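See below for the structure under consideration.
Protein chains: 2
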Amino acid sequence: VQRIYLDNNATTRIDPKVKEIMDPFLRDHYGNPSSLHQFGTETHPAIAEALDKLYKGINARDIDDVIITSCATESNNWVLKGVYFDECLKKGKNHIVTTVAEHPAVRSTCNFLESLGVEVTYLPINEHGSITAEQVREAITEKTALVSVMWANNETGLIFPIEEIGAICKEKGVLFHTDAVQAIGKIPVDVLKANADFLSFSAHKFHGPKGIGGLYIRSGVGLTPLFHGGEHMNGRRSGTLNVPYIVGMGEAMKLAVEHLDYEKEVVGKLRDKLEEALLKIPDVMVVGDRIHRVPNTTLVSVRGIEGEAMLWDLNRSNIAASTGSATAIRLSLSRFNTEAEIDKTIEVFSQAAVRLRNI
Amino acid sequence: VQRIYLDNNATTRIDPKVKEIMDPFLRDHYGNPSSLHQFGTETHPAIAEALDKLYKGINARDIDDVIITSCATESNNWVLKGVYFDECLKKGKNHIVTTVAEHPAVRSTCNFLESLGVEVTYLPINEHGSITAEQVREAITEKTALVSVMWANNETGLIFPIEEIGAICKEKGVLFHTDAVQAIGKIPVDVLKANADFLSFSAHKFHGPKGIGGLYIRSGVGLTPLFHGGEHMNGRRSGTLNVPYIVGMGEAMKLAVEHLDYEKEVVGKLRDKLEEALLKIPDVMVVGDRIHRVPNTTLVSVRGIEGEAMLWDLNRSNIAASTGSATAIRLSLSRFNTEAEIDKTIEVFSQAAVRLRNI
Ligand SMILES: Cc1ncc(COP(=O)(O)O)c(CN[C@@H](C)C(=O)O)c1O
Ligand SMILES: Cc1ncc(COP(=O)(O)O)c(CN[C@@H](C)C(=O)O)c1O
Ligand SMILES: [Cl-]
Ligand SMILES: [Cl-]
Numbered sequence: 002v003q004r005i006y007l008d009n010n011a012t013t014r015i016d017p018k019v020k021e022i023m024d025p026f027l028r029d030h031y032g033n034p035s036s037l038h039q040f041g042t043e044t045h046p047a048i049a050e051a052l053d054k055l056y057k058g059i060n061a062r063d064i065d066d067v068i069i070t071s072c073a074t075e076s077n078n079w080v081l082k083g084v085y086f087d088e089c090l091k092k093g094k095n096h097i098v099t100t101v102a103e104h105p106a107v108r109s110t111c112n113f114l115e116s117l118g119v120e121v122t123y124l125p126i127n128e129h130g131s132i133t134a135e136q137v138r139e140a141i142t143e144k145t146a147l148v149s150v151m152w153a154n155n156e157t158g159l160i161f162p163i164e165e166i167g168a169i170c171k172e173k174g175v176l177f178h179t180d181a182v183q184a185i186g187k188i189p190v191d192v193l194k195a196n197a198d199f200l201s202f203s204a205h206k207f208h209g210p211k212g213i214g215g216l217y218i219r220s221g222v223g224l225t226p227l228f229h230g231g232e233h234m235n236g237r238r239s240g241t242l243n244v245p246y247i248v249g250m251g252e253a254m255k256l257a258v259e260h261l262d263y264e265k266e267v268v269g270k271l272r273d274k275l276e277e278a279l280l281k282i283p284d285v286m287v288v289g290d291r292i293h294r295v296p297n298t299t300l301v302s303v304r305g306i307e308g309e310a311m312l313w314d315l316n317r318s319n320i321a322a323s324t325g326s327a351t352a353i354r355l356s357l358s359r360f361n362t363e364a365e366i367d368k369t370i371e372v373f374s375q376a377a378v379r380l381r382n383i
Numbered sequence: 002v003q004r005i006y007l008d009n010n011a012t013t014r015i016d017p018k019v020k021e022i023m024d025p026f027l028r029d030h031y032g033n034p035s036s037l038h039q040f041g042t043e044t045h046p047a048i049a050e051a052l053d054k055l056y057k058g059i060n061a062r063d064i065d066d067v068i069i070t071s072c073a074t075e076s077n078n079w080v081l082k083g084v085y086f087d088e089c090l091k092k093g094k095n096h097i098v099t100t101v102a103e104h105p106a107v108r109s110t111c112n113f114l115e116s117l118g119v120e121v122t123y124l125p126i127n128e129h130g131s132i133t134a135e136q137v138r139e140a141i142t143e144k145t146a147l148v149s150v151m152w153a154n155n156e157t158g159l160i161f162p163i164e165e166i167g168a169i170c171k172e173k174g175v176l177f178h179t180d181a182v183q184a185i186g187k188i189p190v191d192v193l194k195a196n197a198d199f200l201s202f203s204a205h206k207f208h209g210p211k212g213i214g215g216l217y218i219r220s221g222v223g224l225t226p227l228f229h230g231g232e233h234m235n236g237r238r239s240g241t242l243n244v245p246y247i248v249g250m251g252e253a254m255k256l257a258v259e260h261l262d263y264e265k266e267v268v269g270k271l272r273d274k275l276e277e278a279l280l281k282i283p284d285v286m287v288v289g290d291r292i293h294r295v296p297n298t299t300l301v302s303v304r305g306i307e308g309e310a311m312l313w314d315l316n317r318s319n320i321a322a323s324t325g326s327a351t352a353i354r355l356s357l358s359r360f361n362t363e364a365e366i367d368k369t370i371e372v373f374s375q376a377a378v379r380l381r382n383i
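Chains as they are written, first to last, in the authors' numbering: chain A, 2 to 327, 351 to 383; chain A', 2 to 327, 351 to 383. A prime marks a further copy of an entry chain.
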């Protein structure tokens, strides 16, 4: 069989080059980076080069941190629970501003915070699919400790106006976190433009392994550790480093960035091909704005069918994809897809479409 | 060159079989276990078999949890910070009992807890190297929320009387966590014998990859998540699973347990060989008790030399090891060592010994 993968916002294949680069750290460079002897020191250089790659991915300066984590969910829980202790409790700054769009790691953590007594406002989503900036402007109180808005949306592919949000946040004196998980490798990411104080990502959205990610922390911004024990990552996050996955994720980030133009021109073109082909069906509205999306995503709906039903049929034709908020169907490409696979999807989708209608 | 690795309590080589089993999950079974389509469902079976292996390693029942984490430091921070919220805050049970022996993840987290207002008593270590049980008996107040004692000590290899501690904890109504990181693969581990409510481990102490670990949670014991977001691990710890490392760590645990007798009879014998050979030097006292140690560790001191100096010289002779509390030298074997390598160490150590004395 010839299977087609269109669920890249759920996770992604590890790049062959990523696999190849981690391999010697599963084989004989197994030493613990903290060890003082050769087994440890010999991992130094590769670690350093990984970190360089991460820095250059997100336009982070020497004086900033990019801390390695076990995934974006760790990152996001760290940021929220750290600012709770540093701001909400110790500074009485008892309010967080976020959106209804956010990943559940963010939203569940916020919920928990409310349980303890933080007030969290959850910004509503507009007709244009997006949040405005002015919406955050108008929410930022005296008490506001942090604003958290995701860079791009995992369900619709919509880019939020981070940066404008950056500015509104600078002007008003407030901590700014952006969850940038679905922006890496998909559009350029620049914490400087963004005035991020905090930024999250996870390798497996850009062809590294599941099980690692980063939190960008800006210079001189405190954030009480989520993993105390304090020896690794300048005491910001304790635990023996995941050497192999570090090295992998370096590589991934690099390749991700190198492919920005390819993502834009080629993958985006593929997405468009697909999109147009599918709008030719009947009442197949696309979902949300079409102009401010990451290149690789399209969330279509289909008049009289469930998303789940569509998905299940697609699966039997060896095509993988997932749902989103109405349900609707999310098709999420990557550089690994080809025009052949799109064409095929167009066929198998339309057949499936026609074939499920009468029920 | 022929290098000799004796720093197994710092980390360990991934077993070839562990490497081999994770490999297809870095290659083409890259789907996200949550996905509903084949790419996801096809990871189901291997995940399940991994989990089975983990269960059987630690004598955990079906109705218990073994939750996958990013490492033992995650585990330990989870346990302490969860019981703070479930017990210290919500039940007014404002005291934790632990030892001075514990890993810094435990101790730093405790320190942080104190910062917020928990009272933590830190049980002092005795002349016999160990903690008694009666010592915990006598500390358990009305207010005591949790007792945390490590199963074996990473610095000395000393086994604490967990189980007796289990009983004293059952009788008095108190939550029992044991950090068992250095017991996996080294002596049998049995949460049932132990009345653990919580038990930690990390794969890289038993020849799986760094960057994953477990928290055993006993049936019906709550523990407010450290990673909110709640979709993975029955909502106890959110984040896309580390499929490859799961599968690896399964395998590791299995092999670890299969090798218990080999660890006892062969590795322990090797350790003894080494130990005796080195006691023949001059005022080379061994450090702590010699009778209740995991098979693989020995912490020697050397009359007139620093530990660091000894280590550095050893490193130049291609032998890897680390220090411990007075400083002293820790030599930590695994099944991968051979009598040849010991012999060699005996030589290179004694030469180094004699050669560093006059200064
Ligand atoms: C924007 C965003 N933030 C955070 C996460 C969580 O990353 P980890 O699971 O690596 O912590 C994801 C992945 N989500 C999946 C569940 C999806 O979109 O289908 C995401 O898309
Ligand atoms: C008893 C114990 N608990 C917890 C940990 C932390 O595990 P992770 O780093 O996998 O979270 C270790 C490893 N320690 C090293 C630093 C040593 O003994 O030399 C340990 O020995
Ligand atoms: Cl915290
Ligand atoms: Cl928590």
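C-beta atoms are modelled at their ideal positions from N, C-alpha and C, and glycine is treated no differently.
Beyond the five residues adjoining it in sequence on each side, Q3/A' comes within less than 8 angstroms, by CB distance, of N319 in the same chain, given in chain order. One finds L27 and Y31 in chain A' with Cβ atoms closer than 7 angstroms to the Cβ of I15/A, taken in chain order.
Counting along the chain, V301/A sits inside the beta strand (DSSP E) bounded by residues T298 to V301.
Contact annotation: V148/A' and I166/A' have beta-carbon atoms nearer than 8 angstroms.
Three or more Cβ pairs closer than 8 angstroms define a contact, and the region 234 to 249 of chain A meets that threshold against the region 63 to 76 of chain A. The distance from the Cβ of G83/A to that of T298/A is about 31 angstroms, inconsistent with a contact at the 8 angstroms cut-off.
Listed along chain A' are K211, each with a C-beta nearer than 7 angstroms to that of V244/A.
Taking a 10 Å sphere around the C-beta of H129/A, we find fewer than 16 other C-beta atoms and assign the residue as exposed. Look at the region 60 to 144 of chain A' and you find these whole runs of alpha helix (DSSP H), each 4 residues long or longer: 73 to 84, 105 to 117 and 135 to 138. Here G214/A' is actually not in contact with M23/A'; their C-beta atoms are around 15 angstroms apart, not less than 8 angstroms. Listed by position along chain A, the residues whose Cβ is nearer than 9 angstroms to that of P105/A' are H229, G230, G231, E232 and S239. Under the DSSP assignment, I353/A' falls in the beta strand (DSSP E) whose first and last residues are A352 to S356.
In this structure, DSSP gives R14/A a state outside helix and strand, which the three-state scheme calls coil. Contact check for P105/A' against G186/A fails: the beta carbons are separated by 8 angstroms or more. Note that the C-beta distance between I5/A and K281/A is not below 8 angstroms.
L279/A places its beta carbon 8 angstroms or farther from that of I366/A.
Taking 9 angstroms as the upper bound on Cβ-Cβ separation, chain A lies near residues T70, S71, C72, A73, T74, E75, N77, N78, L81 and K82 of the region 60 to 84 of chain A'. In summary, no residue of the region 153 to 182 of chain A' has a CB separated from any CB of chain A by less than 7 angstroms. DSSP, read as helix, strand or coil, puts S374/A in helix. What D8/A touches in chain A', judged by beta-carbon distance under 8 angstroms, is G32, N33, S36, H38 and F40, going in chain order. The C-alpha of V287/A lies about 60 angstroms from the C-alpha of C170/A'. Beta-bridge partners assigned by DSSP to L279/A: none are found.
Within the same chain, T225 come within 8 angstroms of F86/A' by CB-CB distance, once the 5 residues on both sides are set aside. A11/A has a beta carbon lying within less than 8 angstroms of a beta carbon in chain A'. At least one CB atom of chain A' sits nearer than 8 angstroms to the CB of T110/A. Restricting attention to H233/A', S358/A' and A204/A', the CA atom closest to the CA of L261/A' is found in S358/A'. Taking 8 angstroms as the threshold, the shortest C-beta distance from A253/A to chain A' does not fall below it. If you check the CB distance, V222/A and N60/A do not come in under 8 angstroms.
DSSP places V192/A' within a helical segment (H, G or I) once states are collapsed to three. Taking 8 angstroms as the threshold, the shortest C-beta distance from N316/A to chain A' falls below it. Listed in chain order, the non-local C-beta contacts of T44/A' below 7 angstroms within the same chain comprise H30, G32, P34 and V244, local neighbours out to five positions each way being set aside. Less than 8 angstroms divides the Cβ of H96/A from the Cβ of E120/A. The C-beta of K91/A' has fewer than 16 other C-beta atoms within 10 Å across all chains shown, which makes the residue exposed. Taking CB atoms only, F113/A has a neighbour in chain A' less than 8 angstroms away. The C-alpha of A327/A is placed about 10 angstroms away from the C-alpha of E307/A.
In the three-state scheme derived from DSSP, where H, G and I count as helix and E and B as strand, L380/A is classed as helix.
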